[PDB]
Amino acid sequence: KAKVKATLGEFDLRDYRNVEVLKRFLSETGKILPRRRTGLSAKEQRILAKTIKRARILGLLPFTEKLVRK
Amino acid sequence: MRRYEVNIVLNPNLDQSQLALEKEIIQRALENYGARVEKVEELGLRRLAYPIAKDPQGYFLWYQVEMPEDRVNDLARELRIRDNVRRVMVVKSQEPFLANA
Amino acid sequence: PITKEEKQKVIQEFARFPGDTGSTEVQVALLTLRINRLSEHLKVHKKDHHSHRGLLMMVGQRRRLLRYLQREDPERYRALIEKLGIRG
Amino acid sequence: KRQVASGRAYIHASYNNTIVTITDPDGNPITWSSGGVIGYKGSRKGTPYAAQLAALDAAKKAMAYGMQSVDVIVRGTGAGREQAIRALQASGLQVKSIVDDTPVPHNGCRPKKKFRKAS
RNA sequence: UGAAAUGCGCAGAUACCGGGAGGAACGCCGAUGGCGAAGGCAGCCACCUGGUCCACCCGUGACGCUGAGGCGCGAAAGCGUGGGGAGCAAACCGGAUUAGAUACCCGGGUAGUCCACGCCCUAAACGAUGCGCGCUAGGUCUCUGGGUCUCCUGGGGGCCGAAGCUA
Ligand SMILES: NC[C@@H]1O[C@H](O[C@H]2[C@@H](O)[C@H](O[C@@H]3[C@@H](O)[C@H](N)C[C@H](N)[C@H]3O[C@H]3O[C@H](CO)[C@@H](O)[C@H](O)[C@H]3N)O[C@@H]2CO)[C@H](N)[C@@H](O)[C@@H]1O
Ligand SMILES: [Mg+2]
Ligand SMILES: [Mg+2]
Ligand SMILES: [Mg+2]
Ligand SMILES: [Mg+2]
Ligand SMILES: [Mg+2]
Ligand SMILES: [Mg+2]
Ligand SMILES: [Mg+2]
Ligand SMILES: [Mg+2]
Ligand SMILES: [Mg+2]
Ligand SMILES: [Mg+2]
Ligand SMILES: [Mg+2]
Ligand SMILES: [Mg+2]
Ligand SMILES: [Mg+2]
């Protein structure tokens, strides 16, 4: 569909507290989205996943969700 | 000293009595390990993505700090002895990598 | 680690003249520094075999430099190794 | 027995059987059925038709407790699955939501030989 | 499970919710990707630590390459001592299948798989390709530096291919 990167302005993707931003990079099942979807550079996507994994331990982001209407 | 970032998550059902007592048991430990405290933040209450310690929310501290590296694990050990202290995550500071200019 | 104040101090402390950053005497000096940090680290971390290779390379490269020196200037050789305490 | 007007339908599709269990909205089971509880035994419990009948049986037993609507929650892939769902929907019993909640390791325990195959 | 049976279940199993213990492994990210000399390395954090790339062209002044032997590393399985043991599982105990079935399938299950220390030193340890250096068209995709950032210039991973080589 349309890339998640393209729907945002600047943002520090080292920022493991900005759950508002971070959360659009997760799927409806709280799974880290692949680059095909996130629209990221390899290097960026590496840094992302790292800080997504931080948010998660902080309690700020989900490790999982359940799929609604299936 | 390296520059670090100390996230603490607290029990969301506290009152000035303990909350403020915790916050200084913290200051004592931070100080007692050599932690100068630059910036500090406190968004405080917030909705967790999954329950921590049976409870659906958490109270969020965040401290920027400079301090001696040979102790930073020791400090972290001390912080979580406490019971209303639920998550401690000490993290090296980092230049903000940004995206989309 | 080895911070550049620590390191600069070791370059001054040797260095034939002001500005000598390369050269046998300095190079051996720096290597001797790291070898010692890294010998210290493995005294505890017996299992850290990967690091231990690093050591072998450093050691050989140092031994290689000193071979060179002792051949060119047998004096400032005896001076260097005495000043650092080694290779006996 | 008690009157509960809505609660959960928990479908457990597996390649060997669908088992449908119905509960109050706190998760305590009211009734339950399976391919075995219907006539079937052995390989036939696996069928989608077995699924329909169990879904329907367990929905009937549940309307005996005056059940009106359910939150559906599916787990496992299995022949009977969308069939078990389609049953509930068309059973009188009203289906508020449907939710896949199939449990999955964040790779953890070694599988049995049969389920390693992806090795 | 092809179909079954052994097996577990009215000492109440299965499915469902709540609490607790433990062991082991880290899903998405994840790649045609990265790192390491090889073996090999994957949740997150901190400390300790090895390698390596680019820019400046500042320093030393051939200090280089290779390397019998030596020394060290060396997947799995295996061994010793002591822990640990959730799941999996040689052997083994059963159920099927079969003409038979010391197997393939199902149900159990010990060593082991896990940790520490000490052994073992093997492999389709494979790129089945010794290390180092110079030289000889390009095109295309990718990881990672620098620039005057359309394009240029390093380092690394692929694909097609000049000259040439090859049974
Ligand atoms: N995950 C921990 C790390 O693993 C390494 O080794 C340690 C651990 O992995 C290893 O296992 C620990 C053990 O500490 C402890 N006594 C029992 C505990 N169950 C184990 O836990 C750990 O290993 C197992 C392996 O799956 C799992 O629990 C989990 O992956 C991990 N938490 O034992 C080692 C020390 O007891 C490194 N030594 C170190 O970086 C750190 O302990
Ligand atoms: Mg069956
Ligand atoms: Mg439970
Ligand atoms: Mg390999
Ligand atoms: Mg020069
Ligand atoms: Mg000169
Ligand atoms: Mg070995
Ligand atoms: Mg082994
Ligand atoms: Mg043993
Ligand atoms: Mg048998
Ligand atoms: Mg078996
Ligand atoms: Mg078993
Ligand atoms: Mg090749
Ligand atoms: Mg190239």
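Structural data are supplied above this passage.
A brief structural summary. (Residues numbered from 1 in each chain as written, not as in the entry; some residues may be left out. Chains lettered and ligands numbered in written order. Part of a larger assembly, values for the part shown. Heavy atoms only, no water.)

### Re the overall build of chain B
Rule in force here: Going along the chain from the N terminus, every DSSP run of H or I of four or more residues is numbered as a helix, and every run of E of two or more is numbered as a strand. Each residue is assigned to one of three classes by its accessible area relative to the maximum for its type, calculated with a 1.4 Å probe on protein chains only: buried under 20%, partly exposed between the two thresholds, exposed over 50%. Contact between two residues is taken to exist if any of their heavy atoms lie within 4.5 Å; hydrogens are not considered. Here the open area of atoms and residues is found with the Shrake-Rupley method and a 1.4 Å probe, where only the protein chains shown may cover a residue. Under the convention used here, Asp and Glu are negative, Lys and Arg are positive, and both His and the chain ends fall outside the count. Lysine's charge is taken at NZ, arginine's at CZ, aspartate's at CG and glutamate's at CD.
Looking only at helices and strands, chain B has two helices and five strands in total. In sequence order, the secondary structure elements of chain B are arranged as β-α-β-β-α-β-β. Considering only C-alpha atoms, chain B reaches an extent of 40 × 35 × 20 Å along its principal axes. Counting only residues that meet the buried cut, chain B has 41% of its 101 residues in that class. Long-range contacts, defined here as pairs at least 24 residues apart, represent 77% of the contacts in chain B between residues at least 6 apart. Carbon and sulfur atoms provide 48% of the accessible area of chain B, an area that totals close to 5900 Å². If the 16 positive side-chain charges of chain B are averaged to one point and the 16 negative ones to another, these points end up 4 Å apart.

### Concerning the pattern of salt bridges
Residues and elements named next belong to chain B. For clarity, the cut-off: A carboxyl oxygen of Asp or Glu within 4 Å of a side-chain nitrogen of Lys or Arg is what we treat as a salt bridge.
The tally for this structure, following the rule as stated, stands at 25 salt bridges over all chains. The shortest N-O distance in the salt bridge between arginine 3 and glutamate 38 comes to 2.8 Å. One end of the pair, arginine 3, is in strand 1 (residues 2–10); the other, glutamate 38, is in the loop between helix 1 (16–32) and strand 2 (40–52), and 35 residues separate them in sequence. A relative accessible area of 38% places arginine 3 in the partly exposed class. Here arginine 28 ties to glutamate 24 by a salt bridge, and the two come within 3.0 Å at their closest N and O atoms. Taken together, the positions of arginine 28 and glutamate 24, both in helix 1 and four residues apart, correspond to about one turn of that helix. With relative accessibility at 51%, the residue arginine 28 sits in the exposed group. Residue classification places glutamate 24 among the partly exposed positions, given a relative accessible area of 40%. It is possible to trace a salt-bridge network through shared partners that takes in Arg3, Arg36, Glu38 and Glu66.

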